[PDB]
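Colleague: Protein chains in written order, with our numbering: chain A, 6 to 601; chain B, 136 to 754; chain C, 2 to 567.
1. Give me the Cα-Cα distance between residue 629(B) and residue 275(C), rounded to the nearest whole angstrom.
2. Please report whether the beta-carbon of residue 692(B) lies at a distance below 8 Å from any beta-carbon of chain C.
3. Suppose you measure from the CA of residue 73(A) to the CA of residue 64(A); what does that come to, to the nearest Å?
4. Can you give me the C-alpha to C-alpha distance between residue 344(C) and residue 433(C), rounded to a whole angstrom?
5. As a quick exercise: from 218(B), 321(B), 378(B), 387(B), pick the residue whose alpha carbon is nearest that of residue 229(B).
6. Counting only C-beta atoms, is residue 736(B) closer than 8 Å to chain C at any point?
7. Roughly how many angstroms lie between the CA atoms of residue 284(A) and residue 416(A), to the nearest whole one?
8. Less than 8 Å between the C-beta atoms of residue 338(B) and residue 605(B), yes or no?
9. Answer with yes or no whether the minimum CB distance from residue 487(C) to chain B is below 8 Å.
10. Candidates 515(C), 510(C), 114(C), 516(C): which alpha carbon is nearest residue 539(C)'s?
11. Less than 6 Å between C-beta atoms, sequence neighbours within five positions excluded: which residues of the same chain meet that for residue 305(C)?
12. Along the alpha helix (DSSP H) that carries residue 668(B), what are the first and last residues, could you check?
13. Please give the ranges of any alpha helix (DSSP H) in the region 107-170 of chain C, keeping only runs that are unbroken, at least 4 residues long and fully inside the region.
14. Just to confirm, are residue 279(C) and residue 384(C) a CB contact at a threshold of 8 Å?
15. Please state whether DSSP places residue 415(C) in a helix, a strand or coil.
16. How close, in whole Å, do the beta carbons of residue 263(B) and residue 456(B) come, if the pair is a contact with beta carbons under 8 Å?
17. Please say whether residue 368(A) and residue 103(A) have beta carbons closer to each other than 8 Å?
18. With distances taken from CA atoms, which of 313(B), 476(B), 465(B) is nearest residue 622(B)?
19. Using 8 Å as the threshold, is the region 77-96 of chain C in touch with the region 236-249 of chain C, meaning 3 or more CB pairs across them?
20. Of all the alpha helix (DSSP H) runs that stay within the bounds of the region 522-560 of chain C, which reach a length of 4 or more residues?
21. Of all the CB atoms in chain C, is at least one closer than 8 Å to the CB of residue 147(B)?
22. Mind checking the region 80-93 of chain A against chain B and listing, in chain order, the residues whose C-beta falls within less than 9 Å of any C-beta there?
23. Using a Cβ-Cβ cutoff of 8 Å, what residues of the region 737-752 of chain B are near chain C? List them in chain order.
24. Is residue 285(B) close to chain A? Criterion is C-beta to C-beta, closer than 8 Å.
25. Thinking C-beta only, is residue 493(B) closer than 8 Å to residue 569(B)?
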């Protein structure tokens with residue numbers, strides 16, 4: 006049986022590309038859902054996630070709509086149209102304009118969005134939730150890390166940047182020292198900065214400081230302040246021990262860094278993408294007000310997500326407390342409510358014109374999100390563009406969003422079986438939902454304050470421990486994974502799925518049968534198709550080297566390791582593909598970590 | 136088949152108390168060689184220590200002579216006010232101009248040997264050695280491992296409140312303070328561990344080394360000078376090293392949190408002298424003599440050696456024995472090895488070639504006083520509180536009178552009665568203790584399979600270090616030149632070891648990436664000591680002579696049996712969860728010497744031996 | 002508990018060299034056994050036999066060089082030096098030993114063991130018999146014109162072009178005329194003698210080389226030759242020519258196949274313990290094989306003309322005279338010695354039939370057996386490195402000599418061996434015939450590794466199965482007499498004797514071959530393709546599966562449908 010309807014053929018056409026029925030689905034899985042995709046798609050001339058697939062699709066559609074009474078949309082359109090493309094001179098001008106070192110550093114950061122030595126931009130505090138507050142924190146640095154010489158690759162590239170610079174004359178060796186200078190500078194920064202996993206004691210990284218020694222105003226260079234909060238007593242001290250000669254090798258670094266930024270300065274994507282990064286609400290406002298369709302998205306999710314939450318939440322005091330939390334969560338779908346036009350322009354009212362174009366944006370994004378300080382604190386915004394594809398949950402606002410963007414690629418479509426959408430949007434949403442109850446979110450509370458949402462914290466750690474075991478004993482093909490730094494978002498999806506699956510189940514228990522075998526691979530119920538979908542989303546192959554590269558640095562695990570682990574931890578699925586016990590996808594033996 | 140001797144029967148008797156033939160040989164090798172020793176006891180090293188100790192006791196049963204005597208006689212036999220004045224040398228917890236926290240420290244170190252805000256050992260420079268120097272460095276935390284990051288498994292909170300409830304029993308009668316301050320003396324602790332260097336980073340000494348003199352710290356920070364008086368005209372100017380130039384740079388409610396923590400600690404491990412009450416929160420001769428055994432090191436040593444055996448004899452044996460090992464180990468060279476290279480070879484080879492021995496006694500220790508010169512100063516007065524405190528005062532004060540004289544290369548790190556070698560790649564040295572010239576590690580008239588699995592093994596087990604990714608650093612003579620490129624090869628190969636330990640759990644694990652180093656030596660040493668025993672025995676071709684207690688076994692197998700008998704250690708389980716964990720060391724490093732897998736008769740494809748990627752051949 | 006007798010250490014190195022521990026000893030038994038010997042060696046086909054055969058030929062060059070003072074030897078020597086650098090067809094055959102249009106040789110008549118009847122069989126081509134004619138393979142078809150024109154121009158003009166396609170065509174028309182080997186498996190039919198007046202210049206043909214009854218093995222191919230019939234001469238040239246496209250080997254080998262006597266006498270006498278050592282081994286198997294109608298073959302064996310070693314008609318007098326028809330003086334030799342070898346075997350026709358003949362040089366290695374007269378033949382060369390040298394663990398000498406003996410012996414009881422009686426003549430046995438289907442079927446359920454078939458070779462297949470399966474029992478007995486020789490070989494202390502025995506046996510067979518020659522080999526021999534051989538014949542012997550106790554399910558132990566026997 007099959008709802009022959011075309012769109013359903015379209016949904017089956019997207020599910021066929023990567024079906025790989027040759028391999029048994031009860032033996033392994035990730036093969037049976039992406040191996041095609043790995044195969045057909047030769048590596049586009051790294052990692053090519055179905056996400057970035059989407060990214061191309063949407064960002065294109067953006068471009069398509071752009072080209073065409075209209076204010077900001079016009080701003081962008083101009084900005085982009087300036088993309089089809091020397092001007093090093095301009096940069097040189099910037100440096101010259103600079104060359105009280107701090108305030109310099111300040112303004113550099115400011116008008117070039119380049120963060121160095123203090124990666125700072127504000128939000129609500131935690132401990133007193135209306136009062137905006139600054140922050141100061143260990144920077145974020147190109148390599149993420151001992152063993153490696155990849156260090157020396159960083160070296161080679163550094164010297165080669167400043168070399169290619171040395172084209173312009175407006176001393177052909179000393180660079181071969183300045184190099185080693187900035188390198189071992191990396192090394193110091195890192196070797197005192199904080200590695201990741203330990204970035205969870207929000208209890209800790211909160212100590213406040215207002216008005217340690219060696220400081221210059223330096224806030225000026227960003228534009229009675231509140232208490233600047235400093236998230237690494239360790240770090241923001243370690244600068245103080247690292248300070249008239251200093252200027253020579255210390256400024257040496259900030260240049261080479263800032264330079265290294267934009268070396269490079271149908272490809273149209275490249276720059277359009279960047280635009281979405283920096284003028285985000287702008288391009289967003291494009292995307293929605295260029296796709297305009299609300300019904301299919303102001304509801305389905307706002308039907309789905311509500312279903313999901315309610316289910317999961319409902320599957321002592323805690324249960325309630327947490328409930329009140331979720332029930333409370335501010336939940337922003339598609340996109341915010343500043344969108345007729347004017348006011349869109351009005352927040353976005355800081356640009357106009359006939360690397361300069363890029364420089365006008367860099368400093369406009371560093372101020373845009375940091376201009377709320379002067380105004381009252383809010384719980385109602387985004388973190389990023391409603392034109393990316395992601396879903397994020399800044400518990401500091403207890404805000405769950407879904408950028409309208411994703412809801413078109415295989416995470417959502419309107420006219421598709423409730424299966425697909427309960428595995429796409431439904432998943433990543435329920436993923437989010439829980440993602441605020443693991444040991445990141447759990448430390449917060451329905452406002453964003455802190456005592457502890459949670460003792461059952463025991464049972465919590467009981468989950469986490471065993472899961473890390475399972476992982477560091479279920480190693481991806483290409484050499485293994487990390488623990489905690491992976492559970493970080495694993496535990497999330499591991500739960501969120503079960504949520505979404507229950508949701509599907511109860512839903513379809515609320516609407517009779519409806520199970521319409523899907524019209525290109527007609528041989529399943531929906532359920533199997535639901536799995537097949539969630540499987541699908543993460544279908545991506547990656548550069549064998551970049552595999553391990555992004556094995557470490559990625560917070561959350563390789564694709565395969567996920568998709569064919571998370572499943573292994575579901576009795577339900579175990580049924581759905583009427584398999585036999587004592588197989589490669591059954592933890593009778595290496596027991597499932599029943600997360601909930 | 137075998138000979139009828141009194142000595143061999145003893146070596147055959149010991150064999151019979153470990154084993155089990157019942158369990159399969161290749162199915163969990165650990166249990167196959169140590170089942171019994173597990174089954175009864177409630178371990179091996181601790182065993183040998185008990186032995187050598189009780190020996191020292193019978194010895195002491197009668198001037199180092201008298202010093203250690205008096206020492207023990209004290210430690211068996213024996214409130215608060217005095218040390219209270221010590222505590223009241225600051226001011227205490229409940230209810231001030233800004234004190235040089237260090238001056239407090241330096242005092243407390245030199246007076247108790249109680250490292251806080253710095254463990255500071257002092258010796259041969261790393262990279263200009265003709266001299267000595269200071270290694271001012273982070274502490275070594277009371278709570279074993281920086282575990283101030285990943286689970287909230289800190290009840291030292293409450294091992295703290297109680298163990299600090301002394302006061303309202305000391306001099307007082309107000310808990311809320313006491314609690315919050317207990318939580319605090321933690322919360323600082325965290326604020327430390329999150330700034331030391333977890334061992335992983337503490338490989339490449341090349342970046343530890345940072346020579347500074349109070350000039351430069353004064354320029355670097357806020358007190359060092361004023362500190363160093365805590366430690367005899369000094370050499371303040373002499374190259375000092377702040378190994379970890381990460382000092383997090385730092386108020387009422389924050390300053391005195393220190394003095395709390397510090398005092399927390401002092402009293403926390405001097406409750407013994409306090410009234411019999413609080414000692415609660417923690418054998419007689421064992422504990423005692425051990426306290427000595429790390430305090431007046433050479434004393435007990437001299438007692439042992441020049442007391443109970445003919446120096447010449449065992450020393451002259453072990454000389455050539457070790458020499459055999461070290462030799463064939465050299466033979467494990469470029470010619471043998473893979474990740475290496477010609478000149479990298481020649482060098483590291485030479486590093487061996489110019490490398491030193493030392494056995495039992497120092498070169499001194501046997502006109503017989505001169506040792507009683509080394510340990511000279513240690514006043515004797517039975518005319519214990521003052522006693523211990525004094526003796527520590529010495530152990531370290533001795534450590535530092537060493538500072539200002541000139542650097543040697545025959546350093547005897549530790550008291551020649553601890554059953555372990557050591558090899559201080561700072562300088563270069565290979566000292567082995569008489570206290571090991573003994574049972575299962577060794578004996579005079581036992582099968583050689585043993586005297587290579589015991590003294591033999593440990594000899595190699597350590598010697599390896601001087602080629603680990605730590606040994607590479609220090610040259611032949613002790614310096615930094617990155618002796619060997621080959622490295623890439625080396626690290627990659629190591630990653631085999633890494634995964635190996637990482638996928639085979641003992642309890643119910645023991646993540647590998649952390650313990651890499653010592654793990655590699657597990658292999659290296661044993662690999663050699665075998666290859667030697669092979670060589671030696673081939674030179675004769677007769678020793679085989681199966682053992683009386685059991686014909687069944689081979690002149691070869693028993694080698695592995697003995698080695699994997701050393702680590703027979705019934706680690707009780709609490710202790711297991713609180714080097715690597717033994718059962719691992721045996722099983723794993725047994726895998727990787729396929730030579731074994733064969734020579735133990737058992738089919739391959741078995742969970743003691745892996746296929747084609749047979750062995751992380753890193754030696 | 003092993004042994005350390007140095008003689009065993011030498012034999013140990015050989016077996017261990019090819020043996021691989023990486024793979025398990027049950028799954029792909031053949032694989033585990035000699036995966037090494039595959040992966041060690043350089044680069045036609047090359048295999049353990051070719052290995053030994055080499056070794057011994059090296060040795061014979063050696064001794065050849067050493068003593069250079071019987072004239073026979075002297076001949077072979079000078080030869081070796083020199084090498085380091087109707088009527089129509091008959092006449093050529095005579096002068097060349099290169100066959101066409103009819104292969105011809107002589108031996109005891111099959112009717113009676115007295116007169117030496119003339120066998121005229123269809124001939125064997127350089128390429129395989131039934132490889133040409135199938136809606137199939139397109140091989141080399143020009144290589145003929147290729148090699149012709151090569152030496153052609155050197156002789157020096159395009160007649161070549163036609164002449165080729167023509168001669169090839171004559172071939173193609175000759176091949177499908179032949180008989181496949183699928184049914185050269187029945188002597189009831191080939192034997193149908195004619196006289197010297199029945200041919201209707203065959204009289205003349207032979208007169209190229211008789212009044213006796215003449216025998217035509219193939220009357221369908223012989224009758225087709227009459228319908229066939231000038232340019233044919235080209236063809237023969239081709240072949241004659243086509244004969245002729247470290248040389249140490251190829252030289253001494255040519256010698257082997259052509260001075261098939263001197264070589265043996267110059268190697269075996271450059272010895273009383275060896276013959277006596279194998280004398281018992283040969284008498285051990287035979288009887289054990291026996292112990293299992295019955296009376297006839299019982300006799301046959303008890304009357305089979307055993308012959309160890311090498312001929313007994315090998316002072317010098319005989320060796321001189323037997324080959325005295327030589328005279329070779331100072332590579333026209335190639336001709337000279339081709340015309341002496343084929344004439345030496347054709348001259349026997351006049352003489353009465355014997356029971357002692359020696360069918361080939363005692364130089365190379367395969368225990369050939371003539372059901373024709375009745376004779377094993379284990380030429381001295383074989384009993385050597387890794388089949389059997391004088392002092393190895395009885396494990397081997399059984400797995401070596403004992404084997405190839407037994408594999409030979411049993412021939413008297415296969416597809417053919419049945420239809421001969423110890424005389425050398427003819428006449429519930431159906432029961433056995435059943436087994437045939439069984440093996441060839443079960444066997445055919447297995448394949449080769451590159452095709453994937455083997456319904457012709459049940460001859461040698463069963464010859465193996467039996468010969469070994471018996472031999473092993475024989476060794477078992479032998480040691481049941483004593484119970485100590487179990488001293489396990491040094492440098493390998495994880496197999497028991499019986500294990501070894503197998504391990505050896507396997508190793509006897511290994512080989513690493515180019516795929517092309519593999520597929521050709523498949524359809525050009527009476528052999529399984531070795532891997533199929535080892536694996537399969539061991540799929541059958543129970544005692545093997547036992548000693549390895551490879552439990553059920555593992556793909557070498559399906560006793561459920563058991564293993565047919567003989």
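All residues carry an ideal CB built from backbone N, CA and C; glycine is no exception.
Modeller: On the basis of the supplied data:
1. 55 Å
2. no
3. 16 Å
4. 41 Å
5. 387(B)
6. yes
7. 25 Å
8. yes
9. no
10. 510(C)
11. 375
12. 647-675
13. 144-156
14. yes
15. coil
16. Residue 263(B) to residue 456(B), Cβ: 35 Å. No contact.
17. no
18. 476(B)
19. yes
20. 531-541, 543-549
21. no
22. none
23. 737, 738, 739, 740, 746, 747, 749
24. yes
25. no
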